[PDB]
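Chains A, B, C, D and E, in that order, give the protein sequences. Sequence positions in the first sequence follow full-length UniProt numbering and run 2 to 207. Sequence positions in the second sequence follow full-length UniProt numbering and run 2 to 142. Sequence positions in the third sequence follow full-length UniProt numbering and run 3 to 23, 32 to 153. Sequence positions in the fourth sequence follow full-length UniProt numbering and run 2 to 263. Sequence positions in the fifth sequence follow full-length UniProt numbering and run 2 to 65. Every residue, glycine too, gets a C-beta built ideally from N, C-alpha and C. Notes follow once the structure below has been shown.
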Amino acid sequence: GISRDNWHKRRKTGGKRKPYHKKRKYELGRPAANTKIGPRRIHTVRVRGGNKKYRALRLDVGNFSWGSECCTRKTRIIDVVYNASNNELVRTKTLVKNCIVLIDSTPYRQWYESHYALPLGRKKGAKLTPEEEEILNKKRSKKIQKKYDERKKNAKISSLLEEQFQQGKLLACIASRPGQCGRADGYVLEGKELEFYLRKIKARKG
Amino acid sequence: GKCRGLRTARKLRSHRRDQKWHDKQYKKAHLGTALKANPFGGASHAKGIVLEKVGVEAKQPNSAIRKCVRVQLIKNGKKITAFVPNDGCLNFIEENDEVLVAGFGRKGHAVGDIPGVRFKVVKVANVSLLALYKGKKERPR
Amino acid sequence: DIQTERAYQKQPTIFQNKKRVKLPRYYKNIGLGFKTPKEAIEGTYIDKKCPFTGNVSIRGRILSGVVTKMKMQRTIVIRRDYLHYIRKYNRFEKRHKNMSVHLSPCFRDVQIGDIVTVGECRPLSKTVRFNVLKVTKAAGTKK
Amino acid sequence: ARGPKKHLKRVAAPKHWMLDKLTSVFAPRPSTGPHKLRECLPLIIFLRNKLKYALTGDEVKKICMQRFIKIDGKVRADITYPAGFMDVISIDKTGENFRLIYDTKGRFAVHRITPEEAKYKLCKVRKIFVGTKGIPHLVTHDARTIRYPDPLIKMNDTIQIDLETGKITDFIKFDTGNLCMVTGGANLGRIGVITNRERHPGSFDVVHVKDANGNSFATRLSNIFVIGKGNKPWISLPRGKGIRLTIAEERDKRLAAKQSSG
Amino acid sequence: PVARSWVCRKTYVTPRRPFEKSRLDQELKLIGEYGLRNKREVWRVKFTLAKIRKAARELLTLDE
RNA sequence: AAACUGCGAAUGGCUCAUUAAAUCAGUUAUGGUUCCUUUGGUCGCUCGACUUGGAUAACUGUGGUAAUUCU
RNA sequence: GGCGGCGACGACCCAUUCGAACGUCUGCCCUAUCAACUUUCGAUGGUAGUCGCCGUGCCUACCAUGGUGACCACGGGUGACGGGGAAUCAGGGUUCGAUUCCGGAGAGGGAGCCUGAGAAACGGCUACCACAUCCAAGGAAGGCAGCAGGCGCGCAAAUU
RNA sequence: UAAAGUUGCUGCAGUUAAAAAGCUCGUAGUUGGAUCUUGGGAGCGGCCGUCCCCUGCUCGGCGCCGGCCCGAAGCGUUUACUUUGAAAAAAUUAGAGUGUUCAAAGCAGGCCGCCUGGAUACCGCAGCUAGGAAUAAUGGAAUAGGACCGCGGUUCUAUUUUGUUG
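In structure tokens form, the structure reads like this:
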């Protein structure tokens with residue numbers, strides 16, 4: 002059908018080719034997934050060699066990695082913000098590899114507040130009324146409070162992530178190909194990457 | 002040759018290639034003009050239908066009337082004076098008879114007396130003109 | 003200085019967002043006794059198609075030529091002159107095959123006429139199959 | 002073709018089978034297996050051409066489906082089974098045992114071995130692999146994935162496996178002065194001591210081999226197999242001993258043997 | 002794709018000049034003297050010699 | 001016997017229309033891939049019923065179309 | 001009641017085999033009454049994707065203005081499938097190679113796809129174009145560049 | 001196809017037979033002057049002919065009282081050329097063997113169970129490899145950012161070293 006052929010197109014010299022054979026099978030194109038943000042719809046495709054390939058068409062969660070302290074969680078994908086390839090694959094919210102998506106923070110905020118035992122996000126003035134993670138900030142033993150203290154000594158997070166955790170939405174970079182594997186896995190933008198992509202979202206904004 | 006350079010292989014080759022078109026035998030056999038023009042269309046023989054019997058005057062010094070046949074071919078529909086070879090063999094040919102015609106010998110060139118006659122008659126109505134001449138076969142009637 | 007594309011440019015291997023309180035650079039030895047240059051290791055460029063600091067392996071054929079054009083970006087046109095033996099006219103003819111070759115920006119000072127060595131690899135583009143390994147500067151041209 | 006080929010033309014068959022020209026359009030296409038298409042010798046060609054126990058390839062079907070043939074310690078019932086180098090064919094009802102060693106010419110010959118010799122065989126390793134839980138793996142020239150081998154064994158060493166159990170007993174390491182059967186190229190069937198290794202980064206490493214009459218020759222390291230430490234082989238050798246007498250000397254010895262015998 | 006040979010050569014060569022009086026003389030001498038039946042029979046013995054002779058001359062170009 | 005299931009039907013055979021750096025040949029690469037089969041590995045490595053479910057074909061029996069390897 | 005021998009079949013993954021695919025270097029006939037060609041319906045690059053079994057303008061989006069050429073590009077012709085080979089031949093060469101081996105391509109013309117490890121399969125399917133077959137006129141069925149064989153074409157080629 | 005030295009590389013012609021541009025310049029193309037290792041040390045055969053020699057810097061073995069003699073991996077201008085080696089399907093061709101009754105063929109066969117064969121060569125170019133260094137290209141030090149020397153300094157840094165842990 003739609004071909005992936007090296008023969009349909011000109012040479013170095015600019016000389017057109019006469020085709021010697023009709024479209025082979027292995028010279029194959031399948032139509033683009035163009036996977037969206039919605040309730041999980043993944044279609045299995047048979048490929049060369051009787052092997053499978055999962056076309057995500059809707060995908061709303063992903064196993065994203067917070068690489069600073071090496072934790073990763075299944076987190077909800079809420080919005081596509083920026084695509085470096087095509088500017089029109091942001092309006093039509095298409096998940097591809099190296100997309101800049103907003104994701105939920107609450108799995109990472111939960112991990113931070115359970116591992117470091119410090120209030121992260123949480124706009125200043127308010128309290129926690131259920132008193133669950135209020136008790137998970139306090140009430141440790143002798144030597145394990147010392148373990149949390151030794152951990153607390155070097156527990157500084159960047160002001161950029163502090164702002165994003167406060168709004169409840171991190172910026173993530175899709176690393177998996179949701180067209181191919183059927184998954185929307187990736188990593189969270191930090192340091193120079195985050196400063197770069199925030200500058201590009203700011204330049205596109207106005 | 003004239004350029005005896007050690008690195009003159011494209012000059013020596015491309016020169017020969019260019020000058021080989023001044024050879025008459027080559028140009029004939031390597032253009033499409035001599036073949037598209039050839040009545041037989043690059044065949045040894047060809048069958049055609051006899052439409053009239055012609056008496057061609059011998060070129061000169063030797064002055065006899067050579068009994069040829071005007072032939073319309075099957076393959077092209079082209080018209081040909083084909084010489085009836087042996088003595089008194091124009092009696093074996095009537096009008097509207099399929100004749101196998103061959104070349105005369107000189108590869109699309111007039112041969113001796115006969116002017117503008119490049120072909121001879123081999124068979125008449127699927128019977129060889131020698132067998133008729135010797136009288137080993139009779140004409141199918 | 004760098005990162006002028008819409009996407010972020012970085013080396014894929016090295017991780018640059020470890021918690022603190032100069033970025034580290036990935037390189038490799040290419041093999042075949044070809045020395046990785048200083049500008050590959052000390053430099054700040056980022057090229058996926060560098061045979062020293064990119065995702066490409068040199069295997070099969072090592073060739074050479076003369077750098078003839080440098081107008082494409084990150085890639086150059088070299089020119090391989092040789093002598094083909096026509097056996098009829100027991101002689102050679104001068105023949106050439108110019109090939110597009112990728113030029114790693116670790117080679118900062120390259121001029122046309124410089125005899126470049128190139129290594130066979132996976133196809134980097136439609137017409138490129140060769141990375142530059144080393145550059146030997148032209149006859150004289152010390153100035 | 003738009004899938005795998007299933008026929009082999011009699012003419013396109015490898016020259017070392019010594020199949021005649023005129024009997025059939027087709028040659029027996031070796032089944033997939035341990036040895037390569039053009040480096041093996043099918044059971045049928047061993048059983049009806051070399052030994053002539055059969056007449057036709059339907060006789061070879063009758064022999065093998067009585068389960069009388071046992072290639073390297075296990076009974077096969079395929080007439081086109083690729084039996085290759087160092088393999089041990091045990092025809093058990095005749096009480097015979099054959100090793101497929103290359104003669105001084107590129108063919109495999111009828112080399113009869115004793116029932117004690119027929120219990121082990123020698124295998125060149127192709128690569129060292131580290132399996133899914135730090136498990137070291139060999140892969141031999143006949144596709145044996147032998148896991149937990151001795152760590153001193155590296156690529157281009159040979160290992161002596163026992164057929165019955167499939168476990169390594171001894172091994173020759175690829176070092177200079179060791180015997181070498183050449184199993185590929187122009188020198189196919191030569192036996193000599195390895196005198197020199199010549200490394201080539203990227204390209205193919207070549208190996209010079211001195212013979213038992215000082216006839217030194219080179220060979221690509223791919224086409225080399227070590228058959229004993231120093232000057233003593235771990236197998237029995239066919240007459241000629243992979244020494245490769247010249248065609249002038251072959252003519253001399255053949256003529257001397259014919260005239261002297263009568 | 003048949004299991005036949007096709008391999009065949011000629012055993013004779015017809016001479017260039019068909020009516021050399023001196024050649025027709027000497028070949029009919031050979032036929033009558035050794036009781037042969039045709040000129041092909043002399044021409045094939047001549048061709049067996051010429052093959053042997055061509056082989057022998059090819060060896061004389063090579064060094065001792 | 002039939003029918004289901006599995007496998008084969010991508011080989012073989014035929015032809016030379018297309019095809020002029022294409023095809024093909026020698027030469028390398030696959031550290032850039034897929035691979036039924038064969039061969040040898042793996043097949044209580046996971047910490048959580050002494051054999052389960054209900055269709056369908058051959059079969060039996062009513063048929064339709066002028067007609068099919070139709071159903 | 002527990003426990004066991006010798007197989008057949010099936011199976012994730014690895015290796016091996018049979019391959020296949022896409023790339024490297026080098027090599028092809030005639031033609032200049034074909035000298036400039038290729039390029040915002042990709043031309044040569046770069047970045048990031050999509051697709052693909054993978055590598056890659058393979059295909060998008062955005063940049064860059066490149067790429068090839070008298071060392072003959074580009075266009076045209078071929079009574080051009082390529083090679084191993086064949087005929088002639090002192091030494092050179094010239095000509096041929098549709099043809100049994102290897103590789104390629106096609107199944108009346110293009111095109112699309114199902115199944116499968118492997119097909120863009122045609123002794124598979126779906127259309128269109130061409131030609132053509134049964135018909136109760138509503139429809140159904142087709143693919144001999146397989147072996148025979150028939151017609152046609154022819155100078156030219158065998159047994160249902 | 002040879003004959004055709006009537007396409008001419010081998011190898012043709014061009015005053016008058018067909019043929020040198022009207023003349024000169026000129027960029028690719030093609031071809032390019034001379035010049036840079038020679039005299040010896042040693043032995044055999046009967047003054048002559050072949051043979052052995054005219055680069056250095058980690059680990060070992062003919063060893064010796066850190067060095068020397070020797071081997072191994074690596075470093076050591078670029079090619080072209082030539083020589084060798086590796087490798088390159090068979091069939092075909094050349095060609096070995098062998099009384100298909102001869103031969104074309106075939107790959108078989110031969111001995112009163114045994115003994116054998118199914119060789120070998122060639123395979124233009126291009127790619128790989130190791131000798132040789134004449135011939136032909138090519139390179140250097142000339143505002144000296146020239147060597148080979150040991151020295152004074154600087155920046156980064158394997159870590160050998162302070163019973164173990166800063």
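Taken in chain order, the whole alpha helix (DSSP H) runs of length 4 or more contained in the segment 47-109 of chain C are 48-52. For A/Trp67, DSSP records a beta bridge to A/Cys72. Counting along the chain, no alpha helix (DSSP H) covers D/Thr115, and no H or E run does either. In terms of beta-carbon proximity, D/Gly85 stays away from the interface with chain C, with every pair separated by 8 Å or more. Using a Cβ distance threshold of 8 Å, A/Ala33 and A/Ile43 do not count as a contacting pair. Taking a 10 Å sphere around the C-beta of D/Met87, we find 16 or more other C-beta atoms and assign the residue as buried.
The shortest CA-to-CA distance from E/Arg41 to any of E/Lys52, E/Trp7, E/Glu65 and E/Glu28 is the one to E/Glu28. Neighbours of E/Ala4 across chain D, judged by C-beta separation under 9 Å: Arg11, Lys22, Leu23, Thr24, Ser25, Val26 and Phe27. Neighbours of C/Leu42 in chain D, taken as residues whose beta carbon is under 7 Å from its own, are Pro202 and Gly203 in chain order.
Under the Cβ distance rule, C/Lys79 does not count among the residues neighbouring chain B, no pair being separated by less than 8 Å. The beta carbons of B/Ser45 and B/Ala103 sit closer together than 8 Å. One alpha carbon belongs to B/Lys12, the other to C/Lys98, and they sit about 13 Å apart. By the neighbour-count criterion, in which a residue is buried when 16 or more other Cβ atoms sit within 10 angstroms of its Cβ, D/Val12 is exposed. Fully contained in the segment 90-116 of chain B are the following beta strand (DSSP E) runs of length 3 or more, in chain order: 99-104.
Burial state of B/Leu36 is exposed, judged by a 10 Å Cβ sphere holding fewer than 16 other Cβ atoms. In the DSSP assignment, A/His116 falls within the unbroken alpha helix (DSSP H) covering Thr107 to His116. Where D/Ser262 is concerned, there is no enclosing beta strand (DSSP E), although the alpha helix (DSSP H) around it starts and stops at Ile248 to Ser262. In this structure, the straight-line span from the alpha carbon of A/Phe65 to that of C/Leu33 is close to 24 Å. Taken in chain order, the members of the segment 94-124 of chain C whose beta-carbon sits within less than 7 Å of a beta-carbon on chain B are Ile96, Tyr99, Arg101, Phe102, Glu103 and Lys104.
Out of A/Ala118, A/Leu171, A/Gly180 and A/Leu129, the CA that lies nearest to the CA of A/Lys153 is found in A/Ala118.
Contact annotation: the segment 81-101 of chain A touches the segment 6-22 of chain C, with at least three C-beta pairs closer than 8 Å. One thing to note: A/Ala176 has its Cβ no nearer than 8 Å to the Cβ of A/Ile78. Remark: C-beta atoms of B/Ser129 and B/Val122 do not approach each other more closely than 8 Å. Under the 8 Å criterion on CB atoms, C/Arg84 is classed as non-interfacial with respect to chain A.
A/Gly68 is a Cβ neighbour of A/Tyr188, given a cutoff of 8 Å. The C-alpha of C/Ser135 is placed about 35 Å away from the C-alpha of D/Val207. Residues of the segment 123-152 of chain C with a C-beta less than 7 Å from any C-beta of chain A: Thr137, listed in chain order. Against chain A, the beta carbon of C/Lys45 has no neighbour under 9 Å; the closest one sits roughly 30 Å away. By the C-beta density criterion, A/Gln165 is buried, having at least 16 other C-beta atoms within 10 angstroms.
Against chain C, the CB of A/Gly68 has a partner CB under 8 Å away; the residue lies at that interface. Setting aside the 5 residues that flank it on each side, A/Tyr27 is surrounded in the same chain by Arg49, each with a C-beta closer than 7 Å to its C-beta; the list follows chain order.
D/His112 is not a Cβ neighbour of D/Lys125, given a cutoff of 8 Å. D/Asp163 is bridged by DSSP to D/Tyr121 and D/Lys168. A/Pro179 sits close to A/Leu60, with the two beta carbons spaced by under 8 Å.
Around the CB of E/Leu50, fewer than 16 other CB atoms lie within 10 Å, so the residue is classed as exposed.
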